Amino acid sequence: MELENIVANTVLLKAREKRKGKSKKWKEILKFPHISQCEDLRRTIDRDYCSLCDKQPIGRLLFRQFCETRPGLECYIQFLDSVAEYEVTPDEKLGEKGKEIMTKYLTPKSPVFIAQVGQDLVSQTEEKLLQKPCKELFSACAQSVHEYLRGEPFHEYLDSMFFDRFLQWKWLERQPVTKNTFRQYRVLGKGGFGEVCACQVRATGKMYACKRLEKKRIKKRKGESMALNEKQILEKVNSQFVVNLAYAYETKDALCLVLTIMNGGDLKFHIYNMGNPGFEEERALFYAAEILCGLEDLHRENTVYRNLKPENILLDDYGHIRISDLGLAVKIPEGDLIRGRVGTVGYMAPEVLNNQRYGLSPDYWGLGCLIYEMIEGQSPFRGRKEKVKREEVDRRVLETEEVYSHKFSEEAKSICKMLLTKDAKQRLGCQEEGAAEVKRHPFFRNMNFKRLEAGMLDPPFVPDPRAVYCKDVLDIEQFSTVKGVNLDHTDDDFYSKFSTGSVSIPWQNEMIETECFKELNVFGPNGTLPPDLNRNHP
Ligand SMILES: NC(=O)c1cn([C@@H]2O[C@H](CO)[C@@H](O)[C@H]2O)c2ncnc(N)c12
Ligand SMILES: [K+]
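Throughout the sequence shown, residue numbering follows the deposited numbering, covering 1 to 17, 22 to 542 in sequence.
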């Protein structure tokens, strides 16, 4: 056993767990400025209700805490809250939970009577509940409320100390990000132009994965657009099954993408480097469903992936999964196909192997590639440790068809072949239906996709918190360190465009999640102005 491996792993594990790993001077690092400093932010901030009072979490929570001051608004907040409950109550008890809300917000004498909805809608929605319940029953009601809260109540929040306080938080969000903000841990993987590392924000202690993009490697491979595209794309997609981007900065030697951290290890590892090859069909189904949901969301944004292999699918702490390394994805101009001989060997669709124009098709080819591999324990066109020169694998994918065993259930066998069809025209999901056509296949039977996309299905396999499901640090491949390249000032523009600092909404979640927002967001006694917000005197 190499100590270089033991140490690398035990260090990471301590961080993963006093102070939840925070730095010692976090209260000073994240100290609010005096409100007088936020005049540029007071002007530049765009005054949108959903953004400032909903989409941006801290804005949302400060508005709610502000609504708790006016009794006439705390009810609307509790109403939309109750609606949230009704919208996640089971179809079985939808009618009942529909009943408590109704007797609570709609009678003129209800204790939490809200009058701003409209006496017509209460009756329209009342008959709909007497008829039959639907989770989208109060959709119009909650909309009618949002029409009112966005009016007078919204501008009242903007005038109070709570929105003033939100400016202070946004001042922190704007703060520059540097290597200092984080501490680097063991390497988690090689890929693309750099390495993926565990790191931890010193101030907050939140764990992330730092996908490094080594500058010299970008210049040497003309992959400038490929690196940049990955960054924006990671930003544009906002999905439960895709790594979300939290920071993006520059260093003396690399550009960096700070992404959600996936401590369960990648699926390539769970298939070959743990227990018997592959895992039970139960496990394959759950993960395959989530991969589907991720691909449908990626395609909703009109974006292909082209890089689907187990090594780029990761497992989180609870057993859910997300897609990684979106550096091979491109957004498609609508009504056009692209020619690109890119991808990894044996995970390329026949169109991509023939340098033929394609659209969203090669993604469903990959979905089949993974499902077969999870259950069969090997690529559908390549062995386990099989040494094959690429030319043949290429041939096999185009000429030869896959082979199934008794391990495949009737449904598992079927969904593979329909996804592993050489003709892109007759490929499952590649029809106009899209990912819907796949959501049906009996393979995903008793797989309530609507309930999975919520997250109410427990993963079958739960990674143990005290396990690093990754190759040991000394077993991670390295590059042939690029040297003799010299970075010119011509690239400082791209470095600037790439390094956009923190991502607004994610940063706020970190402050909320790390309880930094909870501990810091306090006010004077009896709900009075603290000193940082009083511009009259100290
Ligand atoms: N941003 C990424 O792409 C990630 C890559 N790895 C690991 O590092 C390897 C190199 O990409 C992968 O196969 C995973 O084992 C990751 N592990 C956790 N979270 C992540 N976001 C990644
Ligand atoms: K296994």
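Quick reminder that beta carbons are idealized off the backbone N, C-alpha and C, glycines included.
At a Cβ-Cβ threshold of 7 Å, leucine 217 and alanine 252 do not count as neighbours.
For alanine 213, the shortest C-beta to heavy atom distance toward ligand 1 is below 6 Å. Here the alpha carbons of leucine 456 and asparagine 450 stand approximately 11 Å from one another. If you draw a straight line from the Cα of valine 349 to the Cα of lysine 272, it comes to about 15 Å. Scanning the region 253–310 from its first residue to its last, the whole alpha helix (DSSP H) runs of 4-plus residues come out as 271–276, 285–304. Annotation: the continuous alpha helix (DSSP H) that includes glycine 372 extends over 365–380. For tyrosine 161, the enclosing alpha helix (DSSP H) starts and ends at 156–163. Under the three-state reduction of DSSP output, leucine 491 falls in the coil class, being neither helix nor strand.
According to DSSP, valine 205 shares a beta bridge with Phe186. When the five nearest sequence neighbours on each side are left out, the beta carbons in the same chain lying within less than 6 Å of the beta carbon of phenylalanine 186 are those of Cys203, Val205, in order along the chain. Shortest gap from the CB of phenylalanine 273 to any heavy atom of ligand 2: 6 Å or more.
If you look at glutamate 218, you'll find it isn't in any alpha helix (DSSP H); it sits in the beta strand (DSSP E) that goes 211–218. C-alpha of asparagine 358 to C-alpha of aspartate 497: approximately 36 Å in a straight line. When the five nearest sequence neighbours on each side are left out, the beta carbons in the same chain lying within less than 8 Å of the beta carbon of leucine 45 are those of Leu171, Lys174, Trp175, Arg178, in order along the chain.
Here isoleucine 375 is near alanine 292, since their CB atoms are less than 7 Å apart.
Assignment of alpha helix (DSSP H) within the region 57–135, counting only whole runs of 4 or more residues, yields 61–71, 75–90, 98–109, 123–135 in chain order. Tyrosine 362 is bridged by DSSP to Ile342.
With three or more CB-CB distances shorter than 8 Å, the region 305–324 counts as touching the region 465–485. Across the set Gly198, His159, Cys214, the C-alpha of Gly198 shows the shortest separation from the C-alpha of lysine 223. Taking 6 Å as the cut-off, one finds at least one heavy atom of ligand 2 near enough to the beta carbon of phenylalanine 283. The Cβ neighbour count for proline 337, taken over all protein chains shown within 10 Å, is under 16; the residue is labelled exposed. For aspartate 476, the closest alpha carbon among the candidates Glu228, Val401, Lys194 is that of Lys194. Excluding the 5 residues flanking it on each side, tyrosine 351 has same chain C-beta neighbours closer than 7 Å at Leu312, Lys313, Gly370, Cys373, in chain order.
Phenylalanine 70 places its beta carbon less than 7 Å from that of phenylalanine 166. When rounded, the separation of the alpha-carbon atoms in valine 507 and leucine 249 is 7 Å. Classified as exposed, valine 489 has fewer than 16 neighbouring CB atoms from the shown chains inside 10 Å of its CB. Within the same chain, and ignoring the five residues on either side of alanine 207 in sequence, the residues whose Cβ sits closer than 8 Å to its Cβ are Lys26, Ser27, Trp30, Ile33, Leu34, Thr185, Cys520. Contact between the region 267–282 and the region 414–434 is absent: fewer than three C-beta pairs spanning the two stretches fall below 8 Å. For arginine 326, the uninterrupted beta strand (DSSP E) run begins and ends at 325–327, by DSSP. Shortest Cα-Cα distance from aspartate 495 to any of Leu432, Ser229, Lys101, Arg361 involves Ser229. Excluding its 5 nearest sequence neighbours in each direction, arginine 343 has C-beta neighbours in its own chain below 6 Å: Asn359, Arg361, listed in chain order.
Each residue's CA atom was taken as its position, placing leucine 12 and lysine 22 some 15 Å apart. Taking C-beta separations shorter than 7 Å and ignoring five residues to either side along the sequence, the partners of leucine 341 in its chain run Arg361, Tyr362, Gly363, following chain order.
Positions of the alpha helix (DSSP H) runs, each at least 4 residues long and wholly inside the region 389–454, are given as 394–402, 414–423, 439–442 in order along the chain. Taking a cut-off of 8 Å for Cβ pairs, the region 109–119 and the region 70–84 touch, as three or more such pairs fall below it.
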